[PDB]
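The structure appears below as structure tokens.
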Amino acid sequence: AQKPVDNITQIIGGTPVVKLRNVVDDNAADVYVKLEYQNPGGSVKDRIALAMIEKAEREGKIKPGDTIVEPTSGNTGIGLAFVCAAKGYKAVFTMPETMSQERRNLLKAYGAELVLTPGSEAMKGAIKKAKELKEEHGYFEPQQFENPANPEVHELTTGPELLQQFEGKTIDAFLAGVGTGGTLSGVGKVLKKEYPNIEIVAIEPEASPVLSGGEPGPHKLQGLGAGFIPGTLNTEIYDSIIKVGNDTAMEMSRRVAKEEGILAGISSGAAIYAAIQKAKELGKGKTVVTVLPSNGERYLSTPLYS
Amino acid sequence: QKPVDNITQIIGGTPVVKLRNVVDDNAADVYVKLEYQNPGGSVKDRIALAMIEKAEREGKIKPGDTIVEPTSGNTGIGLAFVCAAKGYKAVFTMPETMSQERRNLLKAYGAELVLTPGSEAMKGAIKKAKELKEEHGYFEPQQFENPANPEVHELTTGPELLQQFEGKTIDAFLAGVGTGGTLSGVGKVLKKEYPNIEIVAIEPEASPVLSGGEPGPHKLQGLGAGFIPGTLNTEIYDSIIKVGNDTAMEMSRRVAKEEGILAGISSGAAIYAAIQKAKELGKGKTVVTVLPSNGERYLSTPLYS
Amino acid sequence: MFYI
Amino acid sequence: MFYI
């Protein structure tokens with residue numbers, strides 16, 4: 001049990017790793033899974049929310065009481081709202097009016113202000129409104145898709161944690177779904193430095209396989225498939241790309257929940273599906289690691305568990 | 001932490017956070033133990049694993065057997081989570097009032113649901129589980145009687161707090177009473193190490209059964225069973241703090257906005273009572289309470305609606 | 001009714 | 001439309 005801290009953000013990081021024992025064949029490599037949903041805010045985005053805020057503090061760009069704006073309808077909104085409440089910043093999020101009342105109440109419960117943009121404009125209108133508040137009113141925009149603090153925090157916390165957790169062993173393959181790409185790039189840089197023969201595998205939805213030179217599209221793998229190549233993604237870090245479909249990811253999340261007791265989001269089901277295929281390719285004696293970015297409870301209102 | 005072989009090995013060792021803004025510095029320090037950091041999302045993770053493990057070790061069940069429990073709250077989630085992780089079939093009885101989202105959560109772990117008339121509340125669910133057990137040999141953990149419930153807090157939760165507050169004295173420990181396992185197990189351990197500690201039970205003002213009041217409907221989910229459970233040591237606590245529905249809800253909202261700590265309504269009750277005890281104890285003292293669940297599990301409730 |  |  002960790003000794004008491006004075007701020008909830010001091011709990012971010014240090015997430016556990018669980019070996020999969022049922023859904024992976026015995027004739028395959030070991031599959032280990034890092035529970036980023038054990039972060040206090042509920043997802044991997046806890047790390048980059050705190051890092052982007054504390055980097056701007058360090059650089060003198062913001063001070064407690066300042067207002068932060070970010071166009072997000074996913075876990076970065078929850079992570080930023082959580083961190084801003086904990087550190088004393090005013091969080092503002094732009095999002096289409098379409099968003100669910102549950103997610104809106106969650107962000108408002110942290111005291112965040114919501115700027116609701118036209119639902120017909122979707123993410124474009126939300127990004128537009130954030131730019132107006134940034135440019136015309138001086139709101140600080142973390143910009144999770146360009147801010148180097150995103151992949152760098154994975155260089156300085158997530159990656160090193162995996163080194164410390166797999167000391168005495170070698171990691172033969174790391175896989176991660178790509179949303180901002182900060183996870184894959186930051187930990188991939190650190191693991192490749194320590195394990196020069198590791199395979200770094202990008203996971204992306206088969207509906208929007210942009211990284212595989214493919215063509216953008218709509219998917220249900222929340223947290224992935226931004227439709228572009230983010231500045232925070234190091235496109236050289238990965239040696240290969242595994243594409244996962246919506247139904248395959250949902251079926252794997254349900255199996256992991258029923259057979260491993262690990263209830264995680266659809267993107268986690270995609271990561272585990274890819275990690276199992278890679279583990280079957282490597283065979284016994286090899287070690288395959290992937291990341292579970294979010295919990296399944298956050299999606300009990302989705303067809304994933306309906 | 002080094003990799004573990006099963007998700008149940010993550011249960012326990014939950015962190016503690018000091019409150020900075022909802023409590024003034026002219027009062028005692030208030031620390032909260034985040035039991036929602038358990039992998040299944042609540043304090044019930046501990047007793048679900050302990051009851052399954054004890055029966056397992058006793059030979060009453062082996063993997064493949066079915067577990068039955070009358071539960072509408074976090075014990076069902078904890079049992080479904082532990083059963084899925086350890087290879088047990090789970091059946092839960094519940095009134096028709098339970099939300100579809102909670103039904104989907106239990107089904108996601110592979111549990112089976114047996115619905116009882118909603119107007120009968122938990123009374124009907126309890127009776128259905130008894131029939132299922134006594135006629136089919138299903139194991140019922142029985143969270144309100146099973147000694148493994150207060151014992152796991154005796155063996156883990158309590159020693160964790162002694163571990164975390166080493167070099168210091170806990171002047172008051174407070175916990176909301178559902179089954180009473182937390183207060184009884186932790187209070188026993190803390191009183192042994194801190195003989196002058198003040199152990200305070202927390203119960204709903206609208207259903208103050210421990211104070212000798214009449215049971216009644218309340219909104220402090222996880223608390224107020226309407227009866228005195230066998231798993232509650234009714235002598236462990238030195239006082240009782242009753243908390244109303246509005247007070248608990250407003251404190252939960254304040255803690256989320258001002259501390260960044262999003263917890264359930266029973267955690268708002270616990271933090272409110274701990275702050276009152278901290279004002280009473282004054283600066284220099286140490287108050288510790290427990291937050292049993294996360295606020296994200298109650299987004300469809302008026303707590304954050 | 002209780003939720004425990 | 002994405003959710004990141």
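Hydrogens, waters and symmetry mates play no part in the numbers below; they use all other heavy atoms, side chains included. Numbered from 1 within each chain, the chains take letters A, B, ... in sequence-line order.
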Notebook entry, point to check: Between B/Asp45 and B/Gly40, is there a donor-acceptor pair closer than 3.5 Å when you use the side chain of the first and the backbone of the second?
Noted result: yes

Check: Roughly how far, to the nearest 0.5 Å, is CG of B/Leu232 from CG of B/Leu210?
Finding: 6.0 Å

Notebook entry, point to check: Quick one: side-chain hydrogen bond (donor to acceptor under 3.5 Å, both in side chains) partners of B/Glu258, sequence neighbours excluded?
Noted result: B/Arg254

Checklist line | Pair B/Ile265-C/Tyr3, side chain to side chain contact (heavy atoms under 4.5 Å, CB included): steps then yes or no | finding: CA-CA 12 Å; B/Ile265 187 174; C/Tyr3 296 86; over 6 Å; no

Margin query: Pair B/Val91, B/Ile67 - check side chain to side chain contact (heavy atoms under 4.5 Å, CB included), show working.
Written below: CA-CA 6 Å; B/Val91 182; B/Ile67 308 297; over 6 Å; no

Next item on the list: Could you walk me through whether B/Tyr298 and B/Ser293 pass side-chain hydrogen bond (donor to acceptor under 3.5 Å, both in side chains), step by step?
Entry: CA-CA 9 Å; B/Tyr298 312 96; B/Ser293 63; 2.9 Å; yes

Check: Do B/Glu296 side-chain atoms and A/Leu106 backbone N/O form a donor-acceptor pair below 3.5 Å?
Finding: no

Item checked: Atom pair CD1 (B/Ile202) and CD1 (B/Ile271), whose distance is rounded to the nearest 0.5 Å -> 10.0 Å

Checklist line | Main-chain N/O of B/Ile61 paired to B/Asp65 side chain as donor or acceptor, under 3.5 Å | finding: no

Check: How close do B/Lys54 and B/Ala148 get, heavy atom to heavy atom, and via which atoms?
Finding: CD-CB, 3.8 Å

Notebook entry, point to check: What is the distance from atom CD1 of B/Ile52 to atom CG of B/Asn146, rounded to the nearest 0.5 Å?
Noted result: 9.5 Å

Notebook entry, point to check: Going by atom types alone, do B/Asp29 and B/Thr286 pair a side-chain donor with an acceptor below 3.5 Å?
Noted result: no

Next item on the list: Would you verify whether the NZ or CZ of B/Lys133 falls within 45 degrees of the ring axis of B/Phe139 while also being under 6.0 Å from that six-membered ring's centre?
Entry: yes

Item checked: Nearest heavy-atom neighbours spanning B/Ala50 and B/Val152 -> CB-CB, 3.6 Å

Check: Is it the case that A/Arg103 and A/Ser73 place a side-chain donor and acceptor less than 3.5 Å from each other?
Finding: no

Check: Any sub-3.5 Å donor-acceptor pair from B/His153's side-chain atoms to B/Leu183's backbone N or O?
Finding: no

Check: Is a donor on one side and an acceptor on the other found under 3.5 Å between the side chain of B/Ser184 and the backbone of B/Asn233?
Finding: yes

Item checked: Polar contact flag, side-chain donor to acceptor under 3.5 angstrom, B/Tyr304-B/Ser252 -> no

Checklist line | B/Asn74 and B/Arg297: side chain donor to acceptor below 3.5 Å | finding: yes

Check: Can you check side chain to side chain contact (heavy atoms under 4.5 Å, CB included) on B/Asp238 and B/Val200, steps first, answer last?
Finding: CA-CA 6 Å; B/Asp238 306 305; B/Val200 187; over 6 Å; no

Checklist line | Worked verdict on B/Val287 versus B/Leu174 for side chain to side chain contact (heavy atoms under 4.5 Å, CB included) | finding: CA-CA 8 Å; B/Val287 175; B/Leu174 304 84; 3.5 Å; yes

Notebook entry, point to check: Roughly how far, to the nearest 0.5 Å, is the CD atom of B/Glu53 from the OG1 atom of B/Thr8?
Noted result: 7.0 Å

Next item on the list: List in chain and number order the residues that pass side-chain hydrogen bond (donor to acceptor under 3.5 Å, both in side chains) with B/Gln276, two or more places apart in sequence or in another chain; answer none if no residue qualifies.
Entry: B/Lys279

Checklist line | Heavy-atom pair with the smallest gap, counting every atom of B/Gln9 and B/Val4 | finding: NE2-CB, 3.4 Å

Next item on the list: Give a yes or no answer on whether the side chain of B/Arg46 reaches the backbone of B/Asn149 with a donor-acceptor pair at less than 3.5 Å.
Entry: no

Check: Between B/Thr75 and B/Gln143, does any side-chain donor sit less than 3.5 Å from a side-chain acceptor?
Finding: yes

Note to self: Just to verify, which of B/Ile47, B/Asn6, B/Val82, B/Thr156 counts as forming a side-chain contact (heavy atoms from CB on, under 4.5 Å) with B/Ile11?
What the structure shows: B/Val82

Check: For B/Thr169 and B/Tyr194, which heavy atoms make the closest approach, and how far apart are they?
Finding: CA-CE2, 3.5 Å

Next item on the list: Write down the atom of A/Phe93, the atom of A/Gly77, and the distance for their closest heavy-atom approach.
Entry: CZ-O, 3.2 Å

Next item on the list: Answer with yes or no whether the side chains of B/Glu35 and B/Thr14 bring together a donor and an acceptor at under 3.5 Å.
Entry: yes

Check: Are B/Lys128 and B/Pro70 close enough that some pair of their side-chain heavy atoms sits under 4.5 Å apart?
Finding: no

Notebook entry, point to check: For B/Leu299, does its backbone N or O pair with a side-chain atom of B/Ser305 as donor and acceptor, under 3.5 Å?
Noted result: yes

Next item on the list: State whether the side chain of B/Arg103 and the backbone N or O of B/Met98 hold a donor-acceptor pair below 3.5 Å, judged by distance alone.
Entry: yes

Next item on the list: Step through it carefully: locate the ring centre of B/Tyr31, locate the ring centre of B/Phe165, and say whether they are under 6.0 Å apart.
Entry: yes

Check: Nearest 0.5 Å, what's the CG-CZ distance between B/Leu262 and B/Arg253?
Finding: 11.0 Å

Note to self: Which residue in the set B/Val290, B/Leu161, B/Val32, B/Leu34 passes side-chain contact (heavy atoms from CB on, under 4.5 Å) when paired with B/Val16?
What the structure shows: B/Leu161

Margin query: Measuring from atom NZ of B/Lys44 to atom CG of B/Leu49, what distance do you get when rounded to the nearest 0.5 angstrom?
Written below: 15.0 Å

Margin query: On a heavy-atom basis, which atom in B/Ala274 and which in B/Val30 lie closest, and how many Å separate them?
Written below: CB-CG1, 3.9 Å

Next item on the list: Say whether B/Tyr88 and B/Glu56, considering side chains only, have a donor N or O and an acceptor N or O under 3.5 Å apart.
Entry: yes

Check: Checking B/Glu259 side chain against A/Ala86 main chain: does a donor-acceptor pair fall under 3.5 Å?
Finding: no

Check: Taking only residues two or more places apart in sequence or in another chain, which ones pass salt bridge (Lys or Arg N to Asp or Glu O under 4.0 Å) with B/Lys33?
Finding: B/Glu160

Next item on the list: I would like to know whether B/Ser211 and B/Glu203 meet side-chain hydrogen bond (donor to acceptor under 3.5 Å, both in side chains); could you show each step before the answer?
Entry: CA-CA 9 Å; B/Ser211 311; B/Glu203 69 170 355; 2.6 Å; yes

Check: Between B/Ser266 and B/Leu220, is there a donor-acceptor pair closer than 3.5 Å when you use the side chain of the first and the backbone of the second?
Finding: no

